[PDB]
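Undergrad: Protein chains in written order, with the deposited numbering: chain 1, 3 to 148; chain V, 181 to 314, 356 to 407; chain M, 254, 264 to 354; chain 3, 21 to 66, 76 to 110, 119 to 411; chain W, 274 to 384; chain 4, 149 to 392.
All C-beta atoms in this analysis are idealised placements derived from N, C-alpha and C, irrespective of residue type, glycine included.
1) Based on DSSP bridge pairs, tell me the residues matched to residue 257 (chain 3).
2) Could you check the C-alpha separation between residue 328 (chain M) and residue 170 (chain 4) for me, to the nearest Å?
3) For residue 196 (chain V), I'd like the list of residues in its chain whose CB is within less than 7 angstroms of its CB, leaving aside the five on either flank, ordered along the chain.
4) Who pairs with residue 336 (chain 3) in a beta bridge, going by DSSP?
5) Counting beta carbon pairs with one atom in the region 335-343 of chain M and one in the region 302-313 of chain M, are three or more of them shorter than 8 angstroms?
6) Cβ closer than 8 angstroms: which chain 1 residues qualify as neighbours of residue 185 (chain 3)?
7) Judging by CA-CA distance, which residue of 348 (chain 3), 279 (chain 3) and 393 (chain 3) is the nearest neighbour of residue 150 (chain 3)?
8) Using a beta-carbon distance cut-off of less than 7 angstroms, what residues from the region 87-102 of chain 3 approach chain 1?
9) For residue 292 (chain W), which residues in chain V fall below 8 angstroms Cβ to Cβ?
10) Would the region 248-266 of chain V and the region 161-178 of chain 4 be scored as touching if the rule is three or more Cβ pairs under 8 angstroms?
11) Measure the alpha-carbon distance for residue 351 (chain M) versus residue 162 (chain 4) and round it to whole angstroms.
12) Counting only Cβ-Cβ distances shorter than 7 angstroms, please list the residues of the region 351-364 of chain W near chain V, keeping chain order.
13) Using the Cα positions of residue 394 (chain 3) and residue 352 (chain 3), report the straight-line distance between them to the nearest angstrom.
14) If you draw a straight line from the C-alpha of residue 329 (chain W) to the C-alpha of residue 311 (chain W), how long is it?
15) Touching or not, the region 304-322 of chain 3 and the region 51-58 of chain 3, by the rule of three or more beta carbon pairs under 8 angstroms?
16) Taking all protein chains shown into account, do 16 or more other C-beta atoms lie within 10 angstroms of the C-beta of residue 241 (chain 3), making it buried, or fewer, making it exposed?
17) Measuring only the C-alpha atoms, how far is residue 187 (chain 3) from residue 10 (chain 1)?
18) Quick one: give me the first and last residue of the alpha helix (DSSP H) that residue 115 (chain 3) is part of.
19) Give, in chain order, every unbroken run of the beta strand (DSSP E) that is at least 3 residues long and sits entirely within the region 332-370 of chain W.
20) What span of residues does the alpha helix (DSSP H) with residue 350 (chain M) cover, start to end?
21) Taking CB distances under 7 angstroms as the criterion, tell me whether residue 122 (chain 3) reaches chain 1.
22) Who pairs with residue 320 (chain M) in a beta bridge, going by DSSP?
23) Taking DSSP as the reference, what is the three-state secondary structure of residue 367 (chain 3)?
24) Would you please state the rounded distance, in angstroms, between the beta carbons of residue 303 (chain W) and residue 340 (chain W)? I believe it to be under 8 angstroms.
25) List the DSSP bridge partners of residue 361 (chain 3).
26) Counting only Cβ pairs nearer than 7 angstroms, list the residues of chain 1 close to residue 302 (chain 3).
27) Quick check on residue 309 (chain M) - is its C-beta less than 7 angstroms from some C-beta in chain 3?
28) Specify the secondary structure class of residue 211 (chain 3) as computed by DSSP and reduced to three states.
29) With a cut-off of 8 angstroms, do at least 3 Cβ pairs link the region 25-45 of chain 1 to the region 61-74 of chain 1?
30) Rounded to the nearest angstrom, what separates residue 193 (chain 4) and residue 337 (chain 4) at their Cα positions?
31) Of all the alpha helix (DSSP H) runs that stay within the bounds of the region 88-124 of chain 1, which reach a length of 4 or more residues?
32) What residues match up with residue 192 (chain 4) in a beta bridge as DSSP calls it?
33) Buried or exposed: which applies to residue 361 (chain 3), given that a residue is buried once 16 or more other Cβ atoms fall within 10 Å of its Cβ?
34) Go through the region 183-247 of chain 3 residue by residue and report every complete run of the alpha helix (DSSP H) that reaches 4 residues or more, in order.
35) To which residues of the same chain is residue 275 (chain 4) closer than 7 angstroms at the C-beta, ignoring the five residues directly before and after it?
36) Name, going along the chain, the residues of the region 259-275 of chain V whose beta-carbon falls closer than 9 angstroms to a beta-carbon of chain W.
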């Protein structure tokens, strides 16, 4: 796991908690202040940036765990949406989702659609439209050699 | 059980019974001629000898083992002082290895001396003679005792009839002490 | 639930290499056609040939079992007690 | 005997190290019944589109017919800014600057990732691979399993066994395909002796001479009987398991020509082993298993892909140091050491005259370099 | 009938057994302040092993006898020095000192 | 845990392993050659000098023990004096053998020495018998000149190699008179030789290079070592220009 990203995510979580509501307008307002999508291009595009954005998406979706609060869930969902939509590199790194992880998102989208939040449901609609999911049995791969 | 290649023991530890018996007999004879059977129990010396024999039969794959590992593999309760006895025997081997020219040039130690044990058993007579010309005693008395059996002072006097009488007054209990003794275990 | 201890039924249940080895150990002299007939027509000829080339040699168009097959390294002459290497050299 | 004990919801036996055994075949049905999974065709379109989007969303999830959420669209595509990572206070920007500084220190160019280019090309081989015909197209919901093998010993002796290759296989395929797809240098070696006649052509490699190969998955030994020459290597392993009370339960034997990857109730990450050619061993680690996606290879018969072939250092000739050797010597008369290496032009001049007569007494064996498969 | 109460144990396979012939009686060691309090108890009470064993709950009678014999053999001068000086029998302060020694040995075991 | 899932205390063996190891099908378990160390050199020196000293002392020690036994069994005084004089001579022999400097007792490169005894006892089976034998014959020996060349022997070396036909380098090195092994001089000979390189590029080799590239090239990286393996004469330095 990248060490700097473990601090960058906790830093952006402050501005995520700073939001007053779950309407998609707050993210558009924060985009003018906290431009997280600056490293998407950088000075070089290779397997280095590929692994960088892969670990970024992985550790960002990791914050979508059930113990996290609803505002944190909305913030993480919109962050993953923006990070995937700002992928201008040659490969299209899709977020990796596990079987156990796809259980909370059902009731999450149910609560979003029952609360009459059209933008929150349209986010997931467009995410499914892009086919941006890697359905895996486990969220991360690991061996026993270490 | 080292003679049979049972599944409980790897094939690398299996050896011949006659060769091991002869090596152990030579080692216990070496211990007998070097004062290692007098006073001490024989069984720990026998265990140390057979352990050294088993190690010397294949030091390439058996020097890394120890006496506890060997006793666990053989399913035999190891004697407690045996290891110490082993050390003493090892020391004897050193006192032999210093006499042989090639061994004293090799500069062996307590661990690398087992691989040449057979050589030490080839000419053990001259080796032990040279070692004894430079006996064996317990390490408790080999600390260079400068005072051996110190002579006590001659104090066989007894005065005339009585040296003193205040000793009796010192050894007796006072009434307060008697009452305290009666109250302590009342 | 002698070397001819295993019968033909128990032999056919063994792999082809073991079958060829046991047949060459028992008969020690046999043609290729007889071996193909005994093993069965359902077995390919190339496999039988590659199997017999490992334990047999060609003598005047026939197949003779190798010397080391009949006399293992731990065996000896039942009549003189000489090592099996000398027997193998003499048979060769 | 049916499938062994296991639930299709993998619970970790040790936290983040391994998981309990489970029927991997039932995943392709469980995840396909819990989620429709439709859309594995890459049918994304290159007005009417908005009308279809409305007719879908306002009927599935949304209740309002107003296209007010489309602002999000212009927030993603239109408001998307060939830029320099600066003028902002982020920690990811800091680590990017650190990487760029470390590059500007010593790194000259990006042309230094051949070990990464290998994996990049082996992954590109899996994308854009159209099928051969309509009847060969993979069906939706196909299970795909990754595997990591550790065969050789030429790598670090005083360190762990990290540097080797990784392969990928399909679920609907038979185990015989995975058996024949595993490539190992030991199959390319040649038997016999060549010092008597180096010009003798290879008659039969060890692949065709000994085809024995079996797998081990939770006491299930799958033997192969396609050819009448192969043998059953599991005949002894069972006896050594039942000769003494070692605590190992009875092992079930089966064939390979009638068993699929679906019935393999195995653990993910557990270090199993595949065995072939007597004692040729390969430690196997099943890391990931997943359903088929719209970006994977569409050819079913052409998917035993080695997604990561690790680099290997070819053994050079010890004499000239400019060619790869092909013969290993033993009991040599002029070599500085016994396990010396020689190439063709060197092995010819070493102990052979113009006419090819054997000079001196020595032994030689055909050394096939492992770089043939690498 | 017992149910899963005892475990199998391999012991004494009837081979050549080592002749131990040693019963190492386990004895609690002696500390410095423990030796000092034993010496002061001797000086206060005398050589009455019974009373000493009564006021030593952490010790035994045979251990006290062995310690007294070894002291008489080694430090006879200190033994006579302690026997010359006398001190009245104390009970409450003796219990306080016992509690202090308990706390000290507890702190030592914590280390 | 790297060899096998069955690697317990005692690992089993299959029947096919005998067929694999009997036909000379060695693949990887024989390529684990390692370099040498200073302590290994010291151990080899000590082992060889100890072996030679033991071979020289064993007959003398046996004769001394026999003389001791005979003088303990015999009773005549004249015979006792004769045996005492013979034992004194043997003791003086043992003394002058023990006080012999460590240069004459090293023998030669091909001297008779028990290599198995040195391997299984001294080296503890860490090095093979042949691996220490050949290492003491040419790699570690005082008769091997460790000094480098002076750029004056390569000319006569190649002259003799051309006059003889490059058949046996041993006789060439012996006639050259360098006091060095043939393998130690042949490396520098081939390093100074010009025939290892190539010449102006042709057209037919471009076809083979393009085929090898289109068959085993990956991304922006080209494995020119494969080209060196297939195409003879091309080294690794100047061959990359073929695609630069």
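TA: According to the structure data:
1) Counting from one through the fourth chain, the residue named residue 257 (chain 3) turns up at place 220. Residue 257 (chain 3) is bridged by DSSP to 289 (chain 3).
2) The sequence position of residue 328 (chain M) within the third chain is 66, counting from 1. The sequence position of residue 170 (chain 4) within the sixth chain is 22, counting from 1. C-alpha separation (whole angstroms): 15 angstroms.
3) Residue 196 (chain V) sits at position 16 when you count from the first residue of the second chain. So the list is empty, once near-sequence residues are dropped.
4) Counting from one through the fourth chain, the residue named residue 336 (chain 3) turns up at place 299. Answer by DSSP bridge pairing, in chain order: 174 (chain 3).
5) No, the region 302-313 of chain M does not touch the region 335-343 of chain M.
6) For this step, residue 185 (chain 3) is matched to residue 148 along the fourth chain. Simply 145.
7) Counted from its first residue, the fourth chain places residue 150 (chain 3) at position 113. Selected option, being the one with the closest Cα: 348 (chain 3).
8) If the cut-off is 7 angstroms between Cβ atoms, the region 87-102 of chain 3 has 90, 91, 93, 97, 98 and 101 near chain 1.
9) For the purposes of this step, residue 292 (chain W) is taken as the residue at position 19 of the fifth chain. Those within 8 angstroms of residue 292 (chain W) in chain V are 221 and 223.
10) Output reads no: the region 161-178 of chain 4 does not touch the region 248-266 of chain V.
11) Position 89 of the third chain, counted from the start, is the residue given in the question as residue 351 (chain M). Position 14 of the sixth chain, counted from the start, is the residue given in the question as residue 162 (chain 4). Those two C-alpha atoms are separated by around 29 angstroms.
12) Among the residues of the region 351-364 of chain W, those with a Cβ less than 7 angstroms away from any Cβ of chain V are 362, in the order of the chain.
13) As a position in the fourth chain, residue 394 (chain 3) is number 357, starting the count at 1. As a position in the fourth chain, residue 352 (chain 3) is number 315, starting the count at 1. Each residue's CA atom was taken as its position, placing residue 394 (chain 3) and residue 352 (chain 3) some 28 angstroms apart.
14) By one-based count along the fifth chain, residue 329 (chain W) stands at place 56. By one-based count along the fifth chain, residue 311 (chain W) stands at place 38. When the Cα atoms are used, residue 329 (chain W) and residue 311 (chain W) turn out to be separated by approximately 9 angstroms.
15) Remark: fewer than three beta-carbon pairs, one from each stretch, lie closer than 8 angstroms, so the region 304-322 of chain 3 and the region 51-58 of chain 3 are not flagged as touching.
16) Counting from 1 along the fourth chain, the entry for residue 241 (chain 3) is found at position 204. Exposure of residue 241 (chain 3) is indicated by the presence of fewer than 16 other C-beta atoms within 10 angstroms of its C-beta.
17) Taking the fourth chain and counting its residues from 1, the one referred to as residue 187 (chain 3) is at position 150. Taking the first chain and counting its residues from 1, the one referred to as residue 10 (chain 1) is at position 8. Distance from the CA of residue 187 (chain 3) to the CA of residue 10 (chain 1), rounded to the nearest whole angstrom, comes to 37 angstroms.
18) As shown, the structure holds no coordinates for residue 115 (chain 3); chain 3 passes over it, running from 110 to 119.
19) List check, beta strand (DSSP E) in window: nothing returned.
20) Here residue 350 (chain M) is taken as the residue at index 88 of the third chain, counted from 1. Counting along the chain, the unbroken alpha helix (DSSP H) around residue 350 (chain M) starts and ends at 346-353.
21) By 1-based counting over the fourth chain, the position of residue 122 (chain 3) is 85. True, the Cβ-Cβ gap to chain 1 drops below 7 angstroms.
22) Counting from one through the third chain, the residue named residue 320 (chain M) turns up at place 58. Looking at the DSSP assignment, residue 320 (chain M) forms a beta bridge with 325 (chain M).
23) The residue you call residue 367 (chain 3) lines up with position 330 of the fourth chain. In this structure, residue 367 (chain 3) counts as strand in the three-state DSSP scheme.
24) Residue mapping note: residue 303 (chain W) aligns to position 30 of the fifth chain, counting from 1. Residue mapping note: residue 340 (chain W) aligns to position 67 of the fifth chain, counting from 1. At roughly 7 angstroms, the Cβ-Cβ gap stays under 8 angstroms, so residue 303 (chain W) and residue 340 (chain W) are in contact.
25) Numbered from its first residue, the fourth chain carries residue 361 (chain 3) at position 324. The beta-bridge partner set that DSSP reports for residue 361 (chain 3) consists of 353 (chain 3).
26) Within the fourth chain, the letter at position 265 stands for residue 302 (chain 3). Chain 1 residues near residue 302 (chain 3): none, gap ~14 angstroms exceeds 7 angstroms.
27) Position 47 of the third chain, counted from the first residue, corresponds to residue 309 (chain M). By this cut-off, residue 309 (chain M) is an interface position.
28) Taking the fourth chain and counting its residues from 1, one reaches residue 211 (chain 3) at position 174. Residue 211 (chain 3): strand per DSSP, three-state reduction.
29) Between the region 25-45 of chain 1 and the region 61-74 of chain 1, the count of Cβ pairs shorter than 8 angstroms is below three; the stretches do not touch.
30) Position 45 of the sixth chain holds residue 193 (chain 4). Position 189 of the sixth chain holds residue 337 (chain 4). Rounded to the nearest whole angstrom, the C-alpha separation of residue 193 (chain 4) and residue 337 (chain 4) is 30 angstroms.
31) Note on the region 88-124 of chain 1: whole alpha helix (DSSP H) runs with a minimum of 4 residues are 106-116, in chain order.
32) In the sixth chain, the residue the question calls residue 192 (chain 4) occupies position 44. None; residue 192 (chain 4) has no bridge partner.
33) Counting from one through the fourth chain, the residue named residue 361 (chain 3) turns up at place 324. For residue 361 (chain 3), the number of other beta carbons within 10 angstroms of its own is at least 16, and it is reported as buried.
34) With a minimum length of 4 residues, the continuous alpha helix (DSSP H) runs that stay inside the region 183-247 of chain 3 are 212-218 and 243-246.
35) By one-based count along the sixth chain, residue 275 (chain 4) stands at place 127. Excluding residues within five positions, the ones whose Cβ falls inside 7 angstroms are 267.
36) Answer in chain order: 259, 260 and 262.
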